[PDB]
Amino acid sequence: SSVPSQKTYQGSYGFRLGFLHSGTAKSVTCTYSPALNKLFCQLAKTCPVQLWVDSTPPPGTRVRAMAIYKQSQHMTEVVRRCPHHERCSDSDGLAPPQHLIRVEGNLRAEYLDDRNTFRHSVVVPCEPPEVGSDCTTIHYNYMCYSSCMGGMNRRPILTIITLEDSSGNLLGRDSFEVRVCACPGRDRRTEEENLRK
């Protein structure tokens, strides 16, 4: 299965991701670590990702999200939900049950099973910032734990976000590592202290 590029590429529109500050409390459902470039989140909980461009992209620009495995041994294997989570009765009517990454609160979200690579992705219309903001925000959900055997199985994943034209040509790309886990605040503090070692 063809390996998608993970190379950062701001492109003509200066495309880049951002995250707002969230903290490492016990109650946190979703927290981003700059030092790790890693997002820590709970299963099926809102993950706000901020989109930035230097200049407005043409109408019909889209934003696609795709997971891949981080380690090179596994980057050819397709990231999918585990055999147990794909049988849950949890489809919002848009997301197919095998897809790890969902978009929350956007009826124009489209889900793709690539016919040649078999990789999953979810894609939405790029939209201008809502009233009184300077970022466009997309809300993602991750539908499998990182520990789920027969799925990610403790293998780290990257989420790749690509800005695309209406034909799906690349306009820009950014990415971040993801851990879906029960206590994200605790796990973020854990991994951050290790990197200081």
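Residue indices: 1-based, along the sequence shown.
In this crystal structure, the stretch out of 19 to 27 and 174 to 182 whose C-alpha atoms carry the higher mean B factor is 19 to 27. The mean Cα B-factor in the deposited entry runs higher for 72 to 80 than for the other of 98 to 106 and 72 to 80. You'll see in the entry that, of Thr159, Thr162, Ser167, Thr136, the Cα B factor peaks at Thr136. When the CA B factors of the chain's modelled residues are split into thirds, the value for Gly132 lands in the highest one. Among the modelled residues of its chain, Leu43 has a C-alpha B-factor that falls in the middle third according to the deposited record. Per-chain ranking of the deposited C-alpha B factor places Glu86 in the lowest third. In this PDB entry, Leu36 carries a Cα temperature factor that places it within the middle third of its chain's modelled residues. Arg115 sits in the highest third of its chain by CA B factor, as recorded in the PDB entry.
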